[PDB]
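Heads up, the thing below is written out as C-alpha coordinates.
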Amino acid sequence: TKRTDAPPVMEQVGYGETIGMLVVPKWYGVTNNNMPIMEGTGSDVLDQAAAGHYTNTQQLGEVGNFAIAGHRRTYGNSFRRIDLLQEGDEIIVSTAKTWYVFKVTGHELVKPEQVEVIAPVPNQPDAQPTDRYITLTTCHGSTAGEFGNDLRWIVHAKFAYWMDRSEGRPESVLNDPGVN
Ligand SMILES: [Cl-]
Ligand SMILES: [Cl-]
Ligand SMILES: [Cl-]
(Lines give C-alpha, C1' and ligand atoms only; values in the text may rest on other atoms or scores of the structure.)
(Ligands and ions follow the chains in the order given, each with its own letter.)
Protein backbone atom coordinates (compact mmCIF):
# COMPACT_ATOMS: atom_id res chain seq x y z
CA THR A 1 0.00 0.00 0.00
CA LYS A 2 2.51 2.59 -1.25
CA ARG A 3 1.18 6.14 -0.86
CA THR A 4 2.23 8.86 -3.33
CA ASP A 5 0.23 11.81 -1.90
CA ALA A 6 2.13 14.15 0.37
CA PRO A 7 3.62 12.39 3.40
CA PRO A 8 3.22 13.53 7.00
CA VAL A 9 5.82 16.11 8.00
CA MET A 10 7.87 15.48 11.12
CA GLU A 11 7.88 18.28 13.73
CA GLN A 12 11.31 19.66 14.66
CA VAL A 13 12.71 18.16 17.87
CA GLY A 14 15.42 19.31 20.31
CA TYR A 15 19.14 18.63 19.91
CA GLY A 16 20.03 15.00 20.46
CA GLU A 17 16.41 13.73 20.44
CA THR A 18 15.62 10.78 18.16
CA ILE A 19 13.73 11.36 14.87
CA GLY A 20 13.64 7.78 13.56
CA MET A 21 15.75 4.91 12.21
CA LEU A 22 17.66 4.67 8.99
CA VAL A 23 17.29 1.44 7.02
CA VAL A 24 19.23 0.91 3.78
CA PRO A 25 18.46 -2.45 2.11
CA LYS A 26 21.93 -2.69 0.51
CA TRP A 27 23.45 -2.61 4.00
CA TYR A 28 21.69 -5.79 5.16
CA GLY A 29 24.60 -8.03 6.15
CA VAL A 30 26.97 -5.06 6.34
CA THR A 31 25.71 -3.27 9.46
CA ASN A 32 22.91 -3.96 11.97
CA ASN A 33 21.01 -1.65 9.59
CA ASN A 34 18.90 0.05 12.23
CA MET A 35 20.75 3.24 12.67
CA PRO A 36 19.05 5.84 14.85
CA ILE A 37 18.65 9.31 13.42
CA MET A 38 18.97 12.16 15.93
CA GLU A 39 18.77 15.95 15.76
CA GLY A 40 22.22 17.58 15.50
CA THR A 41 25.61 16.69 14.09
CA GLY A 42 27.94 16.97 17.02
CA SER A 43 30.13 14.04 18.09
CA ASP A 44 27.80 13.56 21.05
CA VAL A 45 25.29 12.31 18.44
CA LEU A 46 27.48 10.67 15.79
CA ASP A 47 29.58 8.73 18.36
CA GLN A 48 26.40 6.94 19.41
CA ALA A 49 26.57 5.16 15.98
CA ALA A 50 23.64 7.39 14.99
CA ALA A 51 23.00 9.57 12.01
CA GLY A 52 22.67 13.28 12.75
CA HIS A 53 20.26 15.77 11.17
CA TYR A 54 21.79 19.05 10.01
CA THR A 55 19.72 21.41 12.12
CA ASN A 56 19.28 24.11 9.46
CA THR A 57 18.02 21.70 6.82
CA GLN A 58 14.39 20.69 6.36
CA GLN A 59 12.42 18.23 8.46
CA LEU A 60 11.70 14.67 7.37
CA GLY A 61 8.87 14.69 4.84
CA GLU A 62 9.07 18.47 4.34
CA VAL A 63 9.52 19.95 0.93
CA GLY A 64 13.31 20.54 0.61
CA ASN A 65 16.23 18.47 1.85
CA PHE A 66 16.46 16.37 5.03
CA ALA A 67 20.20 15.99 5.35
CA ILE A 68 21.97 13.63 7.71
CA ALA A 69 25.60 13.03 8.63
CA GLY A 70 27.17 9.76 9.69
CA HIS A 71 30.52 8.49 10.69
CA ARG A 72 32.25 6.27 8.13
CA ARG A 73 33.96 3.95 10.64
CA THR A 74 31.65 3.45 13.69
CA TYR A 75 30.74 -0.02 15.00
CA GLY A 76 27.34 -1.62 14.65
CA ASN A 77 25.91 1.20 12.49
CA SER A 78 27.77 3.58 10.20
CA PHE A 79 27.87 4.97 6.60
CA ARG A 80 30.86 2.70 5.89
CA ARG A 81 29.43 1.30 2.70
CA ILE A 82 27.88 4.50 1.37
CA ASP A 83 29.75 3.60 -1.85
CA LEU A 84 27.36 0.69 -2.59
CA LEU A 85 24.48 3.04 -3.28
CA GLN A 86 23.58 3.39 -6.92
CA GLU A 87 20.76 5.11 -8.75
CA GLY A 88 17.43 3.56 -7.75
CA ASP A 89 18.59 2.03 -4.49
CA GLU A 90 16.23 2.60 -1.58
CA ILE A 91 16.95 4.76 1.46
CA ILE A 92 14.25 4.17 4.08
CA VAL A 93 13.46 6.14 7.19
CA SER A 94 11.21 4.67 9.84
CA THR A 95 9.42 6.94 12.33
CA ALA A 96 6.90 6.03 15.00
CA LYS A 97 3.98 6.50 12.58
CA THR A 98 5.47 6.39 9.09
CA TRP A 99 7.79 4.69 6.60
CA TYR A 100 9.47 7.21 4.31
CA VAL A 101 10.96 5.66 1.20
CA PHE A 102 13.47 7.57 -0.95
CA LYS A 103 15.24 6.45 -4.13
CA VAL A 104 18.88 7.34 -4.88
CA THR A 105 19.27 9.92 -7.70
CA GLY A 106 23.05 10.10 -7.61
CA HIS A 107 26.20 10.62 -5.52
CA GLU A 108 28.80 13.37 -5.29
CA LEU A 109 32.36 13.62 -4.04
CA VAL A 110 32.94 17.18 -2.72
CA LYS A 111 35.08 19.34 -0.46
CA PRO A 112 33.42 19.86 2.94
CA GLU A 113 32.92 23.60 2.26
CA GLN A 114 30.67 22.74 -0.72
CA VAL A 115 27.51 23.11 1.36
CA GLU A 116 25.30 23.43 -1.75
CA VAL A 117 25.02 19.61 -1.61
CA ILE A 118 22.65 20.02 1.42
CA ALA A 119 20.71 23.01 0.12
CA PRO A 120 16.90 22.66 -0.05
CA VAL A 121 17.37 21.87 -3.71
CA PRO A 122 20.49 19.63 -3.89
CA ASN A 123 23.44 21.41 -5.53
CA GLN A 124 21.36 24.58 -6.26
CA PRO A 125 21.57 26.97 -3.34
CA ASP A 126 19.58 29.74 -5.04
CA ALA A 127 16.59 27.53 -5.98
CA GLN A 128 13.26 27.17 -4.12
CA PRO A 129 12.31 23.48 -3.51
CA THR A 130 9.49 21.42 -5.01
CA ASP A 131 10.52 17.83 -4.19
CA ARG A 132 11.40 16.02 -0.99
CA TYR A 133 14.99 14.71 -0.69
CA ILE A 134 17.16 12.95 1.85
CA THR A 135 20.90 13.52 1.75
CA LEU A 136 23.49 11.28 3.43
CA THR A 137 26.96 12.64 4.08
CA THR A 138 30.16 11.09 5.31
CA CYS A 139 33.97 11.28 4.90
CA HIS A 140 36.01 9.94 2.02
CA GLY A 141 39.71 10.30 1.05
CA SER A 142 41.05 11.27 -2.42
CA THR A 143 43.77 8.69 -1.81
CA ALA A 144 42.72 6.65 1.24
CA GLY A 145 38.93 6.41 0.53
CA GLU A 146 37.07 4.88 3.48
CA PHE A 147 40.09 5.74 5.66
CA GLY A 148 40.52 9.36 4.54
CA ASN A 149 38.71 12.60 5.12
CA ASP A 150 39.87 15.30 2.74
CA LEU A 151 36.59 14.81 0.87
CA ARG A 152 32.93 14.03 1.59
CA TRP A 153 30.85 11.30 -0.07
CA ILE A 154 27.30 12.58 -0.59
CA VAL A 155 24.23 10.52 -1.58
CA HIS A 156 20.98 12.14 -2.72
CA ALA A 157 17.60 10.30 -2.75
CA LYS A 158 14.26 11.66 -3.99
CA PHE A 159 11.03 10.79 -2.16
CA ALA A 160 9.21 7.82 -3.73
CA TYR A 161 6.36 6.80 -1.43
CA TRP A 162 5.32 6.50 2.19
CA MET A 163 3.40 4.03 4.32
CA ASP A 164 1.45 4.17 7.56
CA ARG A 165 3.58 1.96 9.84
CA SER A 166 0.50 0.46 11.54
CA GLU A 167 -0.78 -0.65 8.10
CA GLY A 168 2.33 -2.01 6.39
CA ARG A 169 6.00 -1.75 5.58
CA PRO A 170 8.20 -1.84 2.46
CA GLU A 171 8.88 -5.20 0.84
CA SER A 172 12.65 -4.66 1.11
CA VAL A 173 12.43 -4.41 4.90
CA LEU A 174 13.45 -7.90 6.09
CA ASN A 175 12.53 -7.50 9.75
CA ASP A 176 11.32 -4.77 12.06
CA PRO A 177 14.18 -2.33 12.67
CA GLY A 178 12.37 -1.17 15.79
CA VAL A 179 9.35 -2.02 17.90
CA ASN A 180 5.96 -2.44 16.02
CL1 LIG B 1 24.31 20.93 12.01
CL1 LIG C 1 8.49 14.71 -3.42
CL1 LIG D 1 43.19 10.66 1.51
Side-chain angles (χ1 to χ4, degrees), residues 2-13 15 19-27 33 35-42 45-46 50-72 77-95 98-142 145-146 148-163 170 172:
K2 300 169 174 208
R3 296 198 61 177
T4 47
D5 57 343
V9 179
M10 297 297 281
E11 297 189 340
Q12 180 168 16
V13 298
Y15 188 96
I19 304 180
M21 278 173 159
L22 183 65
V23 173
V24 177
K26 283 205 161 163
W27 294 350
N33 208 17
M35 188 171 188
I37 306 167
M38 294 167 195
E39 181 73 357
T41 58
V45 172
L46 307 184
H53 179 228
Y54 290 84
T55 60
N56 289 335
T57 70
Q58 286 65 63
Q59 308 308 322
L60 180 57
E62 183 174 26
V63 169
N65 191 4
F66 175 79
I68 59 173
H71 278 353
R72 192 78 186 266
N77 281 303
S78 70
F79 288 3
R80 184 185 191 186
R81 287 276 74 82
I82 196 165
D83 56 0
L84 299 179
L85 299 174
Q86 308 171 23
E87 188 191 359
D89 291 334
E90 280 180 342
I91 297 180
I92 302 175
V93 186
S94 69
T95 67
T98 308
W99 292 97
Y100 299 88
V101 177
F102 304 80
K103 296 285 212 70
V104 170
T105 57
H107 83 275
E108 294 151 353
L109 269 177
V110 296
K111 289 165 281 132
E113 297 82 15
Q114 289 186 254
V115 304
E116 67 266 16
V117 303
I118 61 164
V121 183
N123 303 325
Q124 304 184 36
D126 292 78
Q128 285 282 324
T130 302
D131 291 322
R132 295 167 172 80
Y133 279 83
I134 191 173
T135 295
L136 270 58
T137 78
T138 191
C139 286
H140 192 77
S142 58
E146 186 193 334
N149 56 346
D150 66 336
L151 293 183
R152 305 290 188 267
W153 192 294
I154 312 297
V155 175
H156 292 127
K158 184 169 167 171
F159 182 74
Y161 62 89
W162 63 285
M163 303 181 67
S172 58

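Index from 1, following the sequence. What's counted below: heavy atoms across the whole structure, side chains too, no hydrogens, waters or symmetry copies.
Only one option out of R72, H140, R80 pairs with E146 in a side-chain hydrogen bond (donor to acceptor under 3.5 Å, both in side chains); it is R80. The side-chain hydrogen bond (donor to acceptor under 3.5 Å, both in side chains) test with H53 is passed by exactly one of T57, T55, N56: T57. A side-chain hydrogen bond (donor to acceptor under 3.5 Å, both in side chains) with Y54 is found for exactly one of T137, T41, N65, namely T137.
A distance of 6.0 Å separates OG1 of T98 from CH2 of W162, quoted to the nearest 0.5 Å. Interatomic distance, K26 NZ to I91 CD1, rounded to the nearest 0.5 Å: 10.5 Å. Distance check: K111 NZ to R152 CZ gives 12.0 Å after rounding to the nearest 0.5 Å. Note that CD of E116 and CD1 of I154 are 9.5 Å apart. Values are rounded to the nearest 0.5 Å. The CD1 atom of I68 lies 4.5 Å from the CD1 atom of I37; values are rounded to the nearest 0.5 Å. Here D83 contributes atom CG and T138 contributes atom OG1; the two are 10.0 Å apart, rounded to the nearest 0.5 Å.
In this structure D5 satisfies the salt bridge (charged side-chain N to carboxylate O under 4.0 Å, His left out) test together with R3, sequence neighbours excluded.
Formation of a donor-acceptor pair under 3.5 Å by the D150 side chain with backbone atoms of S142 is found in this model. Checked by atom type and distance alone, the side chain of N77 pairs as donor or acceptor with a backbone atom of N33 at under 3.5 Å. Judged by distance alone, with hydrogens and angles left aside, the side-chain atoms of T105 form no donor-acceptor pair with the main-chain N or O of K158 at under 3.5 Å.
Ring pair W153/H107 is parallel by interplanar angle, where below 30° counts as parallel and above 60° as perpendicular. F102 and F159 have perpendicular rings, their planes meeting at more than 60° on a 0 to 90° scale where under 30° would count as parallel.
Heavy-atom minimum distance, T4 versus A160: CG2-O, 4.2 Å. Closest of all the heavy-atom pairs between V45 and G40 is CG1-O, 3.5 Å. Summarising the geometry of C139 relative to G148, their closest heavy-atom pair is CB-O, 3.7 Å, with the distance given to 0.1 Å. Closest heavy-atom contact between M21 and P36: CG-CA, 4.2 Å. Scanning both residues, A69 and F79, for their nearest heavy atoms gives C-CE2, 3.9 Å. Contact between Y161 and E90 at its shortest, heavy atoms only, is OH-OE2, 3.7 Å.
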Subject >> Step-by-step side chain to side chain contact (heavy atoms under 4.5 Å, CB included) determination, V63 to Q58 >> reply: CA-CA 7 Å; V63 169; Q58 286 65 63; over 6 Å; no
Subject >> Trace of the side chain to side chain contact (heavy atoms under 4.5 Å, CB included) decision for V117 with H156 >> reply: CA-CA 9 Å; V117 303; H156 292 127; 4.3 Å; yes
**OP:** For the pair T135 and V155, evaluate side chain to side chain contact (heavy atoms under 4.5 Å, CB included) and give the outcome as yes or no after the intermediate values.
**Re:** CA-CA 6 Å; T135 295; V155 175; over 6 Å; no
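Two residues are said to be in side-chain contact when any heavy atoms from C-beta on lie closer than 4.5 Å; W27 and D89 fail this criterion. With contacts defined as side-chain heavy-atom distances shorter than 4.5 Å, the pair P8/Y100 qualifies.
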